[PDB]
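>>> Here goes the first bit of my complex:
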Amino acid sequence: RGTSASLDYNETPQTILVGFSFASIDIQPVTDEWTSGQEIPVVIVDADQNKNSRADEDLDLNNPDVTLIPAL
């Protein structure tokens, strides 16, 4: 964390900074009470799991390179 690299085209260099992101998890109940037999969303926001800006990524148990998975 905090270290960087430098890439240059057209005599204008740009830093490639390495950093971590704070995560946020929140269960979102559709109405006032969560009752039996109702699906409600669970949303996680962590930029550290977005390892590709040109692809949509899944938190698969079976992949060792997904470092964290939510659990109940």
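Now that the structure is in, tell me what you want to look at. Residues are numbered from 1 along each chain as shown, chains lettered A, B, ... in the order given.
>>> For residue A:8, which non-adjacent residue is closest in space?
residue A:14 (7.5 Å; C-beta to C-beta, 6 or more residues apart in numbering). From N, CA and C alone the C-beta is placed, and that goes for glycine too.
>>> phi, psi of that neighbour?
phi -130, psi 140 (degrees, to the nearest 10).
>>> doesn't residue A:5 make contact with it?
No. Counting by C-beta atoms under 8 Å, residue A:14 does not reach residue A:5; the two are 9.4 Å apart.
>>> bridging residues for the residue nearest to residue A:8?
As for beta bridges, residue A:14 partners with residue A:7 under DSSP bridges.
>>> give the contact list for it.
Residue A:14 makes contacts with A:6-8, as judged by C-beta atoms under 8 Å, 6 or more residues apart in numbering.
>>> Try it again at 10 Å.
Counting by C-beta atoms under 10 Å, 6 or more residues apart in numbering, residue A:14 touches A:4-8.
>>> now, the most widely separated pair of those?
Farthest-apart pair in the contacts of residue A:14 is A:4 and A:8; separation 13.2 Å (C-beta to C-beta).
>>> can you add chain B next? sequence is:
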Amino acid sequence: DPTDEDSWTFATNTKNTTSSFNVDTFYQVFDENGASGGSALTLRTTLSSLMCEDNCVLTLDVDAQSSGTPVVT
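With chain B added, the chains above now look like this:
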């Protein structure tokens, strides 16, 4: 090329300090489908005569702070 997909290859290591080495630019060392597509031929000393104004050169520094752990591969 106005009809094809243009491929360029760069030697970008700005800390290779070997006397013989220079940052350089090469044209069509590969295809747009990742085939050979020909040999690599120097362009570094001719870029001035081909209307290049500081815009034909790519350089990279993998470890900027020299911390011992390289950031980019």
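>>> try the nearest residue to residue A:8 again now we have chain B.
Using C-beta to C-beta, 6 or more residues apart in numbering or on different chains and skipping the chain neighbours, the partner closest in space to residue A:8 is residue B:59 (4.5 Å).
>>> and the helix or strand where that neighbour lies, what does it pack onto?
When elements are assigned from DSSP states H and E, residue B:59 belongs to strand B:58-61. With contacts taken as 3 or more C-beta pairs under 10 Å, 6 or more residues apart in numbering or on different chains; DSSP states H and E, strand B:58-61 sits against strand A:4-9, strand A:12-17, strand B:8-11.
>>> Can you add distance to residue B:29 and give the ones you listed back as a markdown table?
Formatted as a markdown table, the helices and strands packed on strand B:58-61 follow (distance: least, C-beta to C-beta, whole Å):
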| stretch | distance to residue B:29 |
| --- | --- |
| strand A:4-9 | 18 |
| strand A:12-17 | 24 |
| strand B:8-11 | 4 |
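>>> Let me see the contact set for residue 65.
Because you didn't say which chain, this covers chain A. Applying C-beta atoms under 10 Å, 6 or more residues apart in numbering or on different chains to residue A:65 gives the contacts residue A:51.
>>> sorry, should have said chain B
A:2-5, B:71.
>>> Please report the distance of the residue nearest the centre of chain B from residue B:34.
Geometric centre of chain B, nearest residue: residue B:10, 1.2 Å, by C-alpha atoms, centre = their mean. To residue B:34, residue B:10 is 16 Å away according to C-beta to C-beta, to the nearest Å.
>>> Chain C comes next; put it on the structure above:
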Amino acid sequence: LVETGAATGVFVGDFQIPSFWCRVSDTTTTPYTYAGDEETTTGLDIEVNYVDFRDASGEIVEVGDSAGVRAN
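With chain C now in place:
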């Protein structure tokens, strides 16, 4: 210490306060000599020291800030 912008002139770093730490017995030797027992950080002040190689006149000066670690 990471500069906020390309030419902002403001550097920011961060870390997390530990529960225990190991005191330096003697600073006059290299390497330092460390104590034999860990100590809690609670009830001790924390300080940061910066040394300006060039102040407003171009002379060396050291500046600092302090704060208190607490417990409940």
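>>> In light of the added chain C, please revisit the contacts of residue A:14.
By C-beta under 10 Å, 6+ apart, the contact list for residue A:14 reads A:4-8, C:6.
>>> tally of neighbours for residue A:15?
14 (other C-beta atoms under 10 Å in any protein chain shown).
>>> next one: the strand holding residue B:59 to chain centre, how far?
Put simply, strand B:58-61 sits 8 Å off its chain's centre (C-alpha atoms, centre = their mean, to the nearest Å).
>>> Quick check: closest non-adjacent residue to residue C:13.
Excluding its sequence neighbours, the residue lying closest to residue C:13 (C-beta to C-beta, 6+ apart) is residue C:1, at 4.8 Å.
>>> burial count for that neighbour?
If we define neighbours as other C-beta under 10 Å, then residue C:1 has 8 of them.
>>> Please tell me I have it right and it contacts residue A:2.
Yes. If you go by C-beta atoms under 10 Å, residue C:1 and residue A:2 touch, sitting 8.0 Å apart.
>>> intersection of neighbour lists for the two?
C:12-13.
>>> At the geometric centre of chain C, which residue sits there?
Centre-nearest of chain C using C-alpha atoms, centre = their mean is residue C:48, 3.6 Å out.
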